[PDB]
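> According to the deposited numbering, the first sequence holds residues 381 to 438 in order. We put the CB at the ideal spot given by N, CA and C, even for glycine. Quick one: the structure is below, questions incoming.
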Amino acid sequence: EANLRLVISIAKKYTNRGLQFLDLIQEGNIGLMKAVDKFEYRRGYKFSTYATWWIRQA
DNA sequence: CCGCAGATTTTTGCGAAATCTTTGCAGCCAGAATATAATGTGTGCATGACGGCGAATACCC
Numbered sequence: 381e382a383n384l385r386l387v388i389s390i391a392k393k394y395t396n397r398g399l400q401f402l403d404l405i406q407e408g409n410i411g412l413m414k415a416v417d418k419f420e421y422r423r424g425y426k427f428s429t430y431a432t433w434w435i436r437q438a
């Protein structure tokens, strides 16, 4: 819930290139949950960086 | 008007290949796995008929 803004901001870049924005943010939320399930801080990286690639893939 | 020849009919035989399932192959394809920097924002709003009409809140008397 706290990271939905990242999904919205990322998806609005892809909205100008066709496809509904709402579907994009829903898929990005799916990818965000996938990243959350796989996130760790033992790596030392920022969560936003890790979630960015997941959201882009979704 | 009848028996054989031309034409037509009867019968046995071999090659050919195609099809159905199985096996090996290659292009297609799906999910699973990895850790680059990026979170209150974008956004389309495109816009000058005309008549009828009930529904939905407002407001005077």
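Helix, strand or coil for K426? Go by DSSP, reduced to three states.
Coil, per DSSP.
> Determine the DSSP secondary structure at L399, reduced to helix, strand or coil.
Of the three classes helix, strand and coil, the one that applies to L399 here is coil, per DSSP.
> Leaving aside the five residues before and after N409 along the sequence, list all residues of the same chain whose C-beta is less than 7 Å from its C-beta, in chain order.
Hits under 7 Å: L384 and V387.
> Use the C-beta contact count for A382: other C-beta atoms within 10 angstroms, 16 or more gives buried, fewer gives exposed.
With fewer than 16 Cβ atoms within 10 Å of its Cβ, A382 is classed as exposed.
> Could you check whether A391 and residue 354 sit closer than 9 Å to each other, using their CB atoms as the reference points?
The shown model of the chain, from 381 to 438, leaves out residue 354, and the question about it has no answer.
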